[PDB]
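Source file: upload_27.cif. Holds: mmCIF, C-alpha atoms and all ligand atoms.
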```cif
data_model
loop_
_atom_site.label_atom_id
_atom_site.label_comp_id
_atom_site.auth_asym_id
_atom_site.auth_seq_id
_atom_site.Cartn_x
_atom_site.Cartn_y
_atom_site.Cartn_z
CA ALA W 3 34.69 -25.23 -72.43
CA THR W 4 37.55 -26.72 -74.42
CA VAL W 5 38.87 -30.32 -74.89
CA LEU W 6 42.31 -31.50 -73.58
CA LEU W 7 45.21 -30.50 -75.85
CA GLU W 8 45.61 -33.00 -78.72
CA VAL W 9 48.86 -34.33 -80.23
CA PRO W 10 50.47 -34.10 -82.65
CA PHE W 11 50.35 -30.30 -83.08
CA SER W 12 51.30 -30.03 -86.82
CA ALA W 13 52.43 -32.32 -89.63
CA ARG W 14 54.56 -29.47 -91.10
CA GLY W 15 58.31 -30.30 -90.97
CA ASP W 16 59.61 -26.83 -91.93
CA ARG W 17 58.66 -24.90 -88.83
CA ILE W 18 58.29 -25.62 -85.14
CA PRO W 19 54.92 -24.51 -83.63
CA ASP W 20 55.04 -21.71 -81.04
CA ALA W 21 53.16 -24.05 -78.64
CA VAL W 22 56.28 -26.14 -78.12
CA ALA W 23 58.27 -23.25 -76.45
CA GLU W 24 55.21 -22.27 -74.45
CA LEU W 25 54.77 -25.80 -73.12
CA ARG W 26 58.43 -26.24 -72.46
CA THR W 27 58.63 -23.00 -70.40
CA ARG W 28 55.37 -23.34 -68.46
CA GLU W 29 54.48 -27.07 -68.43
CA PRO W 30 57.35 -29.23 -69.58
CA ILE W 31 55.36 -32.33 -68.62
CA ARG W 32 51.60 -32.07 -69.17
CA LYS W 33 48.63 -34.17 -70.09
CA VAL W 34 47.52 -34.52 -73.78
CA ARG W 35 45.17 -36.71 -75.78
CA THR W 36 46.49 -38.92 -78.57
CA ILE W 37 44.79 -39.81 -81.85
CA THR W 38 43.33 -42.98 -80.26
CA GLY W 39 41.63 -40.99 -77.49
CA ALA W 40 44.05 -42.10 -74.83
CA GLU W 41 45.58 -39.60 -72.38
CA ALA W 42 49.39 -39.33 -72.18
CA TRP W 43 52.08 -37.19 -70.57
CA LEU W 44 53.88 -35.02 -73.13
CA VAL W 45 57.49 -34.20 -72.04
CA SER W 46 59.07 -31.28 -73.85
CA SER W 47 62.27 -30.08 -72.10
CA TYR W 48 65.75 -31.47 -72.59
CA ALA W 49 66.08 -32.30 -68.88
CA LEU W 50 62.81 -34.26 -68.63
CA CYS W 51 63.13 -35.96 -72.07
CA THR W 52 66.56 -37.21 -71.05
CA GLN W 53 65.27 -38.37 -67.63
CA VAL W 54 62.51 -40.49 -69.32
CA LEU W 55 64.71 -41.94 -72.03
CA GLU W 56 67.48 -42.95 -69.56
CA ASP W 57 65.11 -44.69 -67.06
CA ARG W 58 64.09 -48.12 -68.41
CA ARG W 59 61.11 -48.19 -65.98
CA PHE W 60 59.61 -46.05 -68.76
CA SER W 61 59.43 -49.13 -70.98
CA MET W 62 59.25 -49.37 -74.76
CA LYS W 63 58.30 -53.04 -74.72
CA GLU W 64 55.32 -52.48 -72.40
CA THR W 65 53.69 -50.01 -74.82
CA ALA W 66 52.54 -53.11 -76.77
CA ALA W 67 50.61 -54.63 -73.85
CA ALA W 68 46.89 -55.29 -74.44
CA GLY W 69 44.74 -52.65 -72.76
CA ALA W 70 47.55 -49.98 -72.52
CA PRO W 71 46.83 -46.35 -73.43
CA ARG W 72 48.13 -46.06 -77.00
CA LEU W 73 49.76 -43.34 -79.05
CA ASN W 74 48.63 -45.13 -82.23
CA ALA W 75 47.72 -48.63 -83.42
CA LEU W 76 50.38 -51.29 -83.87
CA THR W 77 51.48 -51.85 -87.45
CA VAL W 78 53.77 -54.82 -86.50
CA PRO W 79 53.09 -57.79 -84.26
CA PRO W 80 53.31 -56.86 -80.55
CA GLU W 81 56.46 -58.91 -79.89
CA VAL W 82 58.20 -56.90 -82.66
CA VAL W 83 57.90 -53.74 -80.57
CA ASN W 84 60.65 -55.41 -78.44
CA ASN W 85 62.70 -56.04 -81.69
CA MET W 86 66.07 -54.99 -80.25
CA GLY W 87 65.53 -56.89 -77.10
CA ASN W 88 64.66 -60.03 -79.08
CA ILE W 89 67.85 -59.49 -81.25
CA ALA W 90 69.93 -59.12 -78.05
CA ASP W 91 68.35 -62.18 -76.40
CA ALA W 92 69.18 -64.23 -79.57
CA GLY W 93 72.89 -63.23 -79.28
CA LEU W 94 72.67 -61.19 -82.59
CA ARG W 95 73.17 -57.61 -81.42
CA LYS W 96 76.89 -57.34 -82.18
CA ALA W 97 76.50 -59.02 -85.56
CA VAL W 98 73.59 -56.74 -86.63
CA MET W 99 75.48 -53.66 -85.50
CA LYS W 100 78.57 -54.65 -87.36
CA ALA W 101 76.70 -55.23 -90.62
CA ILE W 102 75.02 -51.79 -90.66
CA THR W 103 78.10 -49.67 -90.17
CA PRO W 104 78.93 -47.32 -93.00
CA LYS W 105 82.59 -48.38 -92.83
CA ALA W 106 82.11 -51.60 -94.95
CA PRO W 107 84.61 -51.63 -97.93
CA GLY W 108 83.20 -49.89 -101.00
CA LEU W 109 79.92 -48.83 -99.23
CA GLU W 110 80.67 -45.14 -99.20
CA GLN W 111 81.87 -45.14 -102.77
CA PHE W 112 78.65 -46.97 -103.72
CA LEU W 113 76.61 -44.29 -101.97
CA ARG W 114 78.49 -41.50 -103.74
CA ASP W 115 78.22 -43.18 -107.13
CA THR W 116 74.50 -43.76 -106.56
CA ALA W 117 73.88 -40.16 -105.45
CA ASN W 118 75.79 -38.84 -108.51
CA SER W 119 73.91 -41.07 -110.88
CA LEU W 120 70.48 -39.94 -109.45
CA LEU W 121 71.57 -36.31 -109.70
CA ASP W 122 72.85 -36.67 -113.28
CA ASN W 123 69.49 -38.22 -114.26
CA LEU W 124 67.66 -35.19 -112.82
CA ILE W 125 69.99 -32.75 -114.56
CA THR W 126 69.47 -34.49 -117.91
CA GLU W 127 65.73 -34.40 -117.50
CA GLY W 128 65.75 -30.67 -116.53
CA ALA W 129 64.13 -28.67 -113.75
CA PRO W 130 61.90 -28.98 -111.84
CA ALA W 131 63.17 -32.14 -110.06
CA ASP W 132 61.49 -33.88 -107.07
CA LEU W 133 64.29 -34.37 -104.51
CA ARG W 134 62.22 -36.70 -102.33
CA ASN W 135 60.91 -39.20 -104.86
CA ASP W 136 63.80 -38.98 -107.31
CA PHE W 137 66.73 -38.41 -104.98
CA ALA W 138 66.48 -38.91 -101.20
CA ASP W 139 64.20 -41.94 -101.15
CA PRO W 140 65.90 -43.87 -103.99
CA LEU W 141 69.28 -43.12 -102.37
CA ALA W 142 67.97 -44.49 -99.02
CA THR W 143 66.46 -47.54 -100.76
CA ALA W 144 69.66 -48.33 -102.75
CA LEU W 145 71.76 -47.91 -99.60
CA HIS W 146 69.61 -50.36 -97.65
CA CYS W 147 69.52 -52.96 -100.36
CA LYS W 148 73.33 -52.82 -100.41
CA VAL W 149 73.61 -52.92 -96.58
CA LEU W 150 71.17 -55.94 -96.47
CA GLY W 151 72.86 -57.72 -99.40
CA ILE W 152 69.61 -58.00 -101.40
CA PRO W 153 69.11 -57.22 -105.05
CA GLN W 154 68.79 -53.50 -105.95
CA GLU W 155 65.82 -54.29 -108.16
CA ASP W 156 63.84 -55.62 -105.15
CA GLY W 157 64.17 -52.21 -103.39
CA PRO W 158 61.21 -50.34 -105.01
CA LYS W 159 58.54 -52.97 -104.07
CA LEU W 160 59.86 -53.17 -100.45
CA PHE W 161 59.86 -49.36 -100.32
CA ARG W 162 56.22 -49.12 -101.42
CA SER W 163 55.14 -50.85 -98.17
CA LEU W 164 56.47 -47.94 -96.13
CA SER W 165 53.74 -45.30 -96.74
CA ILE W 166 51.42 -47.71 -94.85
CA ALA W 167 53.85 -49.49 -92.45
CA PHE W 168 54.89 -46.24 -90.87
CA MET W 169 51.40 -44.79 -90.51
CA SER W 170 50.39 -43.30 -87.14
CA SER W 171 46.73 -44.40 -87.13
CA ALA W 172 44.00 -44.48 -84.45
CA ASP W 173 43.03 -47.94 -85.67
CA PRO W 174 44.66 -51.15 -87.02
CA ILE W 175 45.50 -51.01 -90.70
CA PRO W 176 44.50 -54.07 -92.83
CA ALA W 177 47.07 -53.24 -95.59
CA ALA W 178 49.91 -53.14 -92.99
CA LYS W 179 49.26 -56.88 -92.26
CA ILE W 180 49.09 -57.75 -95.98
CA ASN W 181 52.42 -56.00 -96.71
CA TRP W 182 54.12 -57.24 -93.47
CA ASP W 183 53.26 -60.91 -94.28
CA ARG W 184 54.49 -60.52 -97.85
CA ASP W 185 57.69 -58.76 -96.81
CA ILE W 186 58.40 -61.42 -94.17
CA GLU W 187 57.91 -64.11 -96.81
CA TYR W 188 60.39 -62.27 -99.08
CA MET W 189 63.00 -62.08 -96.28
CA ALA W 190 62.48 -65.71 -95.37
CA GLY W 191 63.18 -66.56 -99.07
CA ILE W 192 66.32 -64.41 -98.91
CA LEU W 193 67.58 -66.45 -96.02
CA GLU W 194 67.19 -69.66 -98.18
CA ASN W 195 68.65 -68.03 -101.35
CA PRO W 196 72.31 -69.16 -101.99
CA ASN W 197 73.04 -65.97 -103.95
CA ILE W 198 72.76 -63.88 -100.85
CA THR W 199 76.10 -63.89 -99.25
CA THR W 200 76.87 -60.28 -98.34
CA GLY W 201 75.48 -57.63 -96.06
CA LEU W 202 73.18 -58.10 -93.11
CA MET W 203 71.08 -60.85 -94.76
CA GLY W 204 74.20 -62.76 -95.93
CA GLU W 205 75.47 -62.64 -92.30
CA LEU W 206 72.14 -63.68 -90.78
CA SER W 207 71.90 -66.46 -93.35
CA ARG W 208 75.25 -67.90 -92.16
CA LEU W 209 74.51 -67.50 -88.46
CA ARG W 210 71.10 -69.27 -88.95
CA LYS W 211 73.03 -72.46 -89.97
CA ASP W 212 75.64 -72.13 -87.18
CA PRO W 213 75.04 -74.44 -84.16
CA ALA W 214 75.29 -71.61 -81.67
CA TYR W 215 72.03 -70.09 -83.24
CA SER W 216 70.13 -73.27 -84.10
CA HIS W 217 67.30 -72.37 -81.68
CA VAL W 218 66.87 -68.77 -82.84
CA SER W 219 63.65 -68.66 -84.76
CA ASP W 220 63.35 -68.24 -88.55
CA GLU W 221 60.62 -65.65 -87.79
CA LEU W 222 63.21 -63.49 -85.91
CA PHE W 223 65.75 -63.68 -88.76
CA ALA W 224 63.12 -62.59 -91.30
CA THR W 225 61.83 -59.85 -88.96
CA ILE W 226 65.32 -58.32 -88.62
CA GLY W 227 65.46 -57.96 -92.44
CA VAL W 228 62.00 -56.32 -92.75
CA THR W 229 62.40 -54.01 -89.75
CA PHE W 230 65.96 -52.80 -90.48
CA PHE W 231 65.08 -52.16 -94.14
CA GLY W 232 61.87 -50.29 -93.23
CA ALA W 233 63.20 -48.31 -90.29
CA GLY W 234 66.46 -47.44 -92.05
CA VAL W 235 64.85 -46.42 -95.38
CA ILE W 236 61.99 -44.39 -93.86
CA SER W 237 64.30 -42.70 -91.39
CA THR W 238 67.21 -41.81 -93.73
CA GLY W 239 64.95 -40.87 -96.68
CA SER W 240 62.75 -38.66 -94.51
CA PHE W 241 65.67 -37.02 -92.60
CA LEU W 242 67.62 -36.26 -95.76
CA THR W 243 64.49 -34.79 -97.45
CA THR W 244 63.71 -32.43 -94.59
CA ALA W 245 67.44 -31.57 -94.05
CA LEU W 246 67.54 -30.53 -97.77
CA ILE W 247 64.59 -28.13 -97.07
CA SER W 248 66.49 -26.67 -94.08
CA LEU W 249 69.60 -26.20 -96.23
CA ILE W 250 67.77 -24.69 -99.20
CA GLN W 251 66.14 -22.18 -96.80
CA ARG W 252 69.72 -21.11 -95.67
CA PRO W 253 71.55 -20.07 -98.81
CA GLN W 254 74.40 -18.57 -96.67
CA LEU W 255 74.96 -22.10 -95.14
CA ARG W 256 74.41 -23.90 -98.43
CA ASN W 257 77.12 -21.71 -99.92
CA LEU W 258 79.45 -22.22 -96.88
CA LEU W 259 79.09 -26.01 -97.23
CA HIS W 260 79.61 -25.97 -100.96
CA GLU W 261 82.81 -23.82 -100.46
CA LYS W 262 84.11 -25.93 -97.49
CA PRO W 263 82.77 -29.45 -97.74
CA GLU W 264 84.87 -30.49 -94.75
CA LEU W 265 82.15 -28.65 -92.67
CA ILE W 266 79.44 -31.07 -93.98
CA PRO W 267 79.64 -33.38 -90.92
CA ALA W 268 79.17 -30.46 -88.53
CA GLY W 269 76.34 -29.12 -90.74
CA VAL W 270 74.63 -32.58 -90.72
CA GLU W 271 74.83 -32.76 -86.98
CA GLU W 272 73.01 -29.42 -86.68
CA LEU W 273 70.51 -30.50 -89.36
CA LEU W 274 69.89 -33.59 -87.13
CA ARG W 275 69.39 -31.40 -84.12
CA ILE W 276 66.78 -29.14 -85.78
CA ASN W 277 65.08 -31.96 -87.69
CA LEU W 278 61.33 -32.38 -87.30
CA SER W 279 61.17 -35.75 -89.05
CA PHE W 280 59.63 -37.63 -86.08
CA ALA W 281 55.95 -36.76 -86.14
CA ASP W 282 55.09 -37.98 -82.66
CA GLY W 283 56.85 -38.13 -79.29
CA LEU W 284 58.63 -41.41 -78.59
CA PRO W 285 56.20 -43.54 -76.49
CA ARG W 286 57.03 -45.31 -73.24
CA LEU W 287 54.78 -46.97 -70.64
CA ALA W 288 55.50 -46.42 -66.99
CA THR W 289 56.17 -49.66 -65.02
CA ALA W 290 56.37 -47.87 -61.65
CA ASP W 291 55.22 -44.60 -60.07
CA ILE W 292 57.95 -42.09 -61.04
CA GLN W 293 58.25 -38.36 -60.36
CA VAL W 294 59.02 -36.32 -63.54
CA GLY W 295 59.16 -32.67 -62.93
CA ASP W 296 56.00 -31.54 -61.08
CA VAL W 297 54.06 -34.79 -62.08
CA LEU W 298 53.95 -38.15 -60.42
CA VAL W 299 53.55 -40.43 -63.43
CA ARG W 300 51.63 -43.55 -62.42
CA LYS W 301 52.32 -47.15 -63.36
CA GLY W 302 50.52 -47.98 -66.62
CA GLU W 303 50.49 -44.42 -68.01
CA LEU W 304 51.83 -43.43 -71.42
CA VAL W 305 54.64 -40.90 -71.74
CA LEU W 306 55.57 -39.21 -74.98
CA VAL W 307 59.11 -37.81 -75.38
CA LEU W 308 58.94 -34.87 -77.78
CA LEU W 309 62.32 -34.84 -79.55
CA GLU W 310 61.99 -31.26 -80.82
CA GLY W 311 61.03 -30.22 -77.29
CA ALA W 312 64.53 -31.30 -76.15
CA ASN W 313 66.38 -30.30 -79.36
CA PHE W 314 65.06 -26.71 -79.39
CA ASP W 315 65.38 -26.21 -75.64
CA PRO W 316 67.40 -22.91 -75.27
CA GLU W 317 68.60 -24.03 -71.78
CA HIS W 318 70.65 -26.71 -73.63
CA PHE W 319 71.10 -25.29 -77.10
CA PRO W 320 71.18 -21.40 -76.95
CA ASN W 321 69.65 -19.81 -80.11
CA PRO W 322 68.08 -23.15 -80.79
CA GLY W 323 66.51 -22.24 -84.20
CA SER W 324 69.91 -21.28 -85.65
CA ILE W 325 72.31 -23.72 -87.27
CA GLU W 326 75.70 -22.99 -85.61
CA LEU W 327 78.56 -25.20 -86.66
CA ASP W 328 80.74 -24.35 -83.54
CA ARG W 329 78.49 -25.44 -80.67
CA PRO W 330 80.43 -27.07 -77.73
CA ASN W 331 77.75 -29.87 -77.35
CA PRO W 332 76.94 -30.67 -81.02
CA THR W 333 76.13 -34.44 -80.80
CA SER W 334 74.15 -34.13 -77.47
CA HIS W 335 70.80 -33.76 -79.36
CA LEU W 336 68.16 -36.43 -79.17
CA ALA W 337 67.63 -36.99 -82.90
CA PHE W 338 68.71 -40.66 -82.51
CA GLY W 339 67.06 -41.02 -79.08
CA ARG W 340 69.03 -41.73 -75.88
CA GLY W 341 69.48 -44.72 -73.49
CA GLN W 342 68.57 -48.33 -73.98
CA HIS W 343 66.91 -47.72 -77.38
CA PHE W 344 69.38 -45.29 -78.97
CA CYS W 345 69.27 -45.81 -82.71
CA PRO W 346 71.51 -48.71 -83.90
CA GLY W 347 71.74 -47.12 -87.40
CA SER W 348 73.00 -43.72 -86.23
CA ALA W 349 76.38 -43.89 -88.04
CA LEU W 350 74.77 -45.12 -91.22
CA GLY W 351 72.12 -42.40 -91.08
CA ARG W 352 74.80 -39.67 -90.59
CA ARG W 353 76.86 -41.00 -93.52
CA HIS W 354 73.86 -41.28 -95.88
CA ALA W 355 72.99 -37.59 -95.22
CA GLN W 356 76.62 -36.34 -95.46
CA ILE W 357 77.22 -38.10 -98.76
CA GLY W 358 73.80 -37.10 -100.27
CA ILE W 359 74.42 -33.46 -99.33
CA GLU W 360 78.05 -33.41 -100.57
CA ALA W 361 76.90 -34.92 -103.93
CA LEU W 362 73.93 -32.47 -104.24
CA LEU W 363 75.98 -29.43 -103.49
CA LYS W 364 78.72 -30.31 -106.02
CA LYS W 365 76.19 -31.15 -108.83
CA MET W 366 73.52 -28.45 -108.06
CA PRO W 367 75.21 -25.63 -106.23
CA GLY W 368 72.35 -23.32 -107.08
CA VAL W 369 69.65 -25.69 -105.73
CA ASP W 370 66.55 -23.77 -104.63
CA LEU W 371 62.81 -24.52 -104.13
CA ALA W 372 60.82 -24.34 -107.36
CA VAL W 373 57.55 -23.60 -105.48
CA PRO W 374 56.84 -21.31 -102.50
CA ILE W 375 57.56 -23.26 -99.32
CA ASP W 376 53.95 -23.21 -98.18
CA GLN W 377 53.00 -25.22 -101.27
CA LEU W 378 54.75 -28.39 -99.96
CA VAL W 379 52.18 -31.02 -99.04
CA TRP W 380 52.92 -32.55 -95.59
CA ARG W 381 51.99 -36.15 -95.07
CA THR W 382 49.48 -36.60 -92.21
CA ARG W 383 48.85 -39.37 -89.72
CA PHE W 384 52.34 -40.78 -90.36
CA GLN W 385 55.28 -41.53 -88.01
CA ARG W 386 57.43 -39.09 -89.98
CA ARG W 387 56.88 -35.56 -91.29
CA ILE W 388 57.68 -35.43 -94.98
CA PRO W 389 56.61 -33.43 -97.99
CA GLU W 390 54.92 -35.61 -100.61
CA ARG W 391 57.04 -33.96 -103.34
CA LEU W 392 60.03 -31.65 -102.97
CA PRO W 393 60.17 -29.61 -106.22
CA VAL W 394 63.51 -27.84 -106.82
CA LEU W 395 65.40 -26.04 -109.56
CA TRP W 396 69.08 -25.16 -109.82
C1 LIG S 1 68.92 -40.07 -89.79
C2 LIG S 1 68.39 -41.31 -89.77
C3 LIG S 1 67.77 -41.90 -88.53
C4 LIG S 1 67.12 -41.19 -87.49
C5 LIG S 1 66.88 -39.74 -87.32
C6 LIG S 1 66.71 -42.28 -86.61
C7 LIG S 1 66.07 -42.04 -85.35
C8 LIG S 1 65.78 -43.02 -84.41
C9 LIG S 1 65.27 -42.73 -83.06
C10 LIG S 1 64.89 -41.42 -82.53
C11 LIG S 1 65.17 -43.99 -82.42
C12 LIG S 1 64.75 -44.24 -81.02
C13 LIG S 1 63.30 -44.67 -80.91
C14 LIG S 1 62.91 -44.78 -79.46
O1 LIG S 1 63.72 -44.72 -78.53
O2 LIG S 1 61.65 -44.98 -79.19
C15 LIG S 1 65.59 -44.96 -83.40
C16 LIG S 1 65.53 -46.34 -83.17
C17 LIG S 1 65.75 -47.31 -84.16
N1 LIG S 1 66.34 -47.10 -85.38
FE1 LIG S 1 66.91 -45.30 -86.14
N2 LIG S 1 67.04 -43.50 -87.11
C18 LIG S 1 67.75 -43.32 -88.24
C19 LIG S 1 68.34 -44.27 -89.09
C20 LIG S 1 68.27 -45.63 -88.81
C21 LIG S 1 68.87 -46.62 -89.69
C22 LIG S 1 69.79 -46.34 -90.90
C23 LIG S 1 68.46 -47.84 -89.16
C24 LIG S 1 68.78 -49.22 -89.68
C25 LIG S 1 69.46 -49.52 -90.76
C26 LIG S 1 67.68 -47.58 -88.00
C27 LIG S 1 67.06 -48.53 -87.21
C28 LIG S 1 66.43 -48.31 -85.99
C29 LIG S 1 65.87 -49.39 -85.15
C30 LIG S 1 65.86 -50.84 -85.55
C31 LIG S 1 65.51 -48.75 -83.98
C32 LIG S 1 64.90 -49.35 -82.73
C33 LIG S 1 65.96 -49.51 -81.63
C34 LIG S 1 65.39 -50.12 -80.27
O3 LIG S 1 64.18 -50.38 -80.25
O4 LIG S 1 66.25 -50.28 -79.42
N3 LIG S 1 67.54 -46.19 -87.80
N4 LIG S 1 65.97 -44.40 -84.59
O1 LIG S 2 62.50 -51.99 -84.45
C1 LIG S 2 61.48 -51.46 -85.18
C2 LIG S 2 60.26 -51.20 -84.59
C3 LIG S 2 59.20 -50.66 -85.31
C4 LIG S 2 59.33 -50.38 -86.67
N1 LIG S 2 58.30 -49.83 -87.33
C5 LIG S 2 57.44 -48.93 -86.83
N2 LIG S 2 56.58 -48.63 -87.79
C6 LIG S 2 56.96 -49.39 -88.82
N3 LIG S 2 58.01 -50.12 -88.48
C7 LIG S 2 60.56 -50.66 -87.27
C8 LIG S 2 61.63 -51.18 -86.53
#
```
If you convert what's in this file into structure tokens, what do you get?
Amino acid sequence: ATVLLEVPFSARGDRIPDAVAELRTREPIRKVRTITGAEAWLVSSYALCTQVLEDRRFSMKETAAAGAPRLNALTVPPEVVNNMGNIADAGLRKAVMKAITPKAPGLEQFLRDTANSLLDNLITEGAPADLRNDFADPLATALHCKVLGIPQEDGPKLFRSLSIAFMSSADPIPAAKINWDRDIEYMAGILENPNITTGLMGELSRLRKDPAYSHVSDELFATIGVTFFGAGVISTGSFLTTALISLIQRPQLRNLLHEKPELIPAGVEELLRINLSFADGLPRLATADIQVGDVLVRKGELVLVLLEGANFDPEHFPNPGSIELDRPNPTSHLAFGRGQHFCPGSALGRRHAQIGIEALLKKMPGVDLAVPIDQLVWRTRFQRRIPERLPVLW
């Protein structure tokens, strides 16, 4: 006898497990058991992942209901799972989206100057360098302090919450409450701080005192600061780190992009497509009985949308393991999700990776791993796949 197939399959972010293609071909929706012991439907083809993500009867908000089958334990309060819905209901969606575009005057030059400073510091210190802790994550943190309008020197303490806040745990995490309550108190103080006049928190601070938003709660304003910092920093730092592995493992492409930097946006879109940064399928709870493939999903059941299942599906992306800069469908991957919950930071996340890669390739054209690839240590039981250190030489 064996037990039901367990997810996730592997915390490694540098290779896709052969099980994914076997599932996708033979059983593109099939039952699995999550780390909590709950059963779920794992969906692994492009067609069925898109069907679930575009049908709001597969609800994100409902995953937080008491008694639901769970992928993992909540690390935020249950109403915060509906964060974008609460931002939309408060009349703040357009304002939030406007503040986190990468097109803000000076923002790109700030990102390039920051990237070049971090790189020069590594060059001065000498190889080996850790491109996660001393490049990708400080670049993500500096970017998000600038986009929020908060002091750069407050970035490192806010960042140190994230190794707990983005855990994928079977059980509630006492330190995630301690750090969440402290980080909310910090954002509530930012909203009362007259020095904060720029970025997303300077905008929220003004709208909080405008009569049209006098009944939006202070808790929501503070929650937008904590969630957009945390989601943006973990997501951009982790994507850029694993994209740098994928580039270092393709010297032919590295060299192409160094020679023709105008191809960096196409290269980043393929690095998004092949990225294994999300450690778990995206969860949704069915609110109706819905046919998906050969399965009738029942109301109340959990569905998990496996992004690499869609993004490596050869029916959509032929030769899916290869980075090809001339595909006819290059932005149709699911790396930012799809539908109602498509990532609101997508443009910012693209620009952070394009600028970090352009800066790295000009400063360290010979960048290579300084350890054999199997020696990277992959974080476990986390919502992202990331190596704990990324040692390189150049
Ligand atoms: C390359 C970087 C990024 C990747 C790969 C990424 C990926 C994703 C994905 C896959 C979703 C959909 C989750 C779902 O449907 O269940 C999502 C949602 C989200 N992302 Fe991003 N993200 C990135 C950067 C950002 C940035 C820069 C921010 C903010 C500054 C951000 C904020 C959010 C938020 C707040 C949501 C929830 C949206 C909702 O619930 O409607 N992300 N992201
Ligand atoms: O809109 C958001 C929802 C959940 C999160 N987090 C999930 N784990 C940690 N934060 C961040 C933003």
Grab all the atoms of stretch 41-56 of chain W that the file lists, wrap them in a box along x, y and z, add 3 Å per side, and give me centre plus edge lengths in Å (one decimal) as AutoDock Vina command-line options.
```
--center_x 56.5 --center_y -36.5 --center_z -70.7 --size_x 27.9 --size_y 18.9 --size_z 12.2
```
Please, what distance in Å, to one decimal, runs between atom CA of residue W:298 and atom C10 of ligand LIG 1 (chain S)? 24.9 Å
May I have the residues within 7 Å of ligand LIG 1 (chain S), computed using all atoms listed in the file, as a count of residues only? 33
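Compared by their closest atoms to residue W:45, and using only C-alpha atoms, the residues W:301, W:256, W:364, W:33 rank with W:33 nearest.
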Env. residues ligand LIG 2 (chain S) / 10 Å / all atoms listed in the file / as a count of residues only: 43
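Put simply, atom CA of residue W:305 is 26.8 Å away from atom CA of residue W:95.
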Show me, as CSV, the residues of stretch 232-291 of chain W having an atom within 12 Å of stretch 50-55 of chain W, each with the closest atom pair and its distance in Å, using all atoms listed in the file.
```
residue,atom,partner,partner_atom,distance
W:283,CA,W:51,CA,9.8
W:284,CA,W:55,CA,9.0
W:285,CA,W:55,CA,9.7
W:286,CA,W:54,CA,8.3
W:287,CA,W:54,CA,10.2
W:288,CA,W:54,CA,9.5
W:289,CA,W:54,CA,11.9
```
For residue W:324, which residue out of W:269, W:158, W:10, W:174 is the nearest one, using all atoms listed in the file? W:269
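Using only C-alpha atoms, the residues found no farther than 9 Å from residue W:304, other than those of its own chain fewer than 6 positions away, are residues 40, 41, 42, 43, 44, 60, 65, 70, 71, 72, 73, 285, 286, 287 and 288 of chain W.
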Best match for closeness to residue W:144 among W:243, W:197, W:119, W:293, counting only C-alpha atoms: W:119
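For the choices W:117, W:247, W:312, W:281, the atom-to-atom distance to residue W:374 is smallest for W:247 when using all atoms listed in the file.
Take the candidates W:363, W:357, W:273, W:21 and check each one against residue W:115 using all atoms listed in the file; the shortest distance goes to W:357.
Residue nearest residue W:61, chosen from W:317, W:303, W:296, W:326 and counting only C-alpha atoms: W:303.
Atom pair atom CA of residue W:332 / atom CA of residue W:240: separated by 21.1 Å.
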If we count only C-alpha atoms and set the cut-off at 10 Å, which residues sit around residue W:268, ignoring sequence neighbours fewer than 4 positions away in its own chain? Please answer as a VMD selection string. chain W and resid 259 263 to 264 272 to 274 325 to 329 332 to 333 356
Write a file of the just-selected residues containing C-alpha atoms, as an mmCIF file, keeping the file's coordinate frame.
```
data_model
loop_
_atom_site.group_PDB
_atom_site.id
_atom_site.type_symbol
_atom_site.label_atom_id
_atom_site.label_comp_id
_atom_site.auth_asym_id
_atom_site.auth_seq_id
_atom_site.Cartn_x
_atom_site.Cartn_y
_atom_site.Cartn_z
ATOM 1 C CA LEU W 259 79.090 -26.010 -97.230
ATOM 2 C CA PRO W 263 82.770 -29.450 -97.740
ATOM 3 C CA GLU W 264 84.870 -30.490 -94.750
ATOM 4 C CA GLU W 272 73.010 -29.420 -86.680
ATOM 5 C CA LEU W 273 70.510 -30.500 -89.360
ATOM 6 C CA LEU W 274 69.890 -33.590 -87.130
ATOM 7 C CA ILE W 325 72.310 -23.720 -87.270
ATOM 8 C CA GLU W 326 75.700 -22.990 -85.610
ATOM 9 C CA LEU W 327 78.560 -25.200 -86.660
ATOM 10 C CA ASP W 328 80.740 -24.350 -83.540
ATOM 11 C CA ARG W 329 78.490 -25.440 -80.670
ATOM 12 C CA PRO W 332 76.940 -30.670 -81.020
ATOM 13 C CA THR W 333 76.130 -34.440 -80.800
ATOM 14 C CA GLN W 356 76.620 -36.340 -95.460
#
```
N, CA and C atoms modelled onto stretch 153-157 of chain W, as an mmCIF file, in the frame of the given file:
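Produced file selection26.cif, reproduced below:
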```cif
data_model
loop_
_atom_site.group_PDB
_atom_site.id
_atom_site.type_symbol
_atom_site.label_atom_id
_atom_site.label_comp_id
_atom_site.auth_asym_id
_atom_site.auth_seq_id
_atom_site.Cartn_x
_atom_site.Cartn_y
_atom_site.Cartn_z
ATOM 1 N N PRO W 153 69.000 -57.848 -103.733
ATOM 2 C CA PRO W 153 69.110 -57.220 -105.050
ATOM 3 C C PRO W 153 68.603 -55.736 -105.054
ATOM 4 N N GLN W 154 69.326 -54.857 -105.782
ATOM 5 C CA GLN W 154 68.790 -53.500 -105.950
ATOM 6 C C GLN W 154 67.412 -53.472 -106.566
ATOM 7 N N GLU W 155 67.101 -54.366 -107.470
ATOM 8 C CA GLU W 155 65.820 -54.290 -108.160
ATOM 9 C C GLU W 155 64.665 -54.704 -107.260
ATOM 10 N N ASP W 156 64.923 -55.235 -106.080
ATOM 11 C CA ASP W 156 63.840 -55.620 -105.150
ATOM 12 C C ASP W 156 63.529 -54.420 -104.223
ATOM 13 N N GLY W 157 64.362 -53.363 -104.259
ATOM 14 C CA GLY W 157 64.170 -52.210 -103.390
ATOM 15 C C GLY W 157 62.842 -51.487 -103.601
#
```
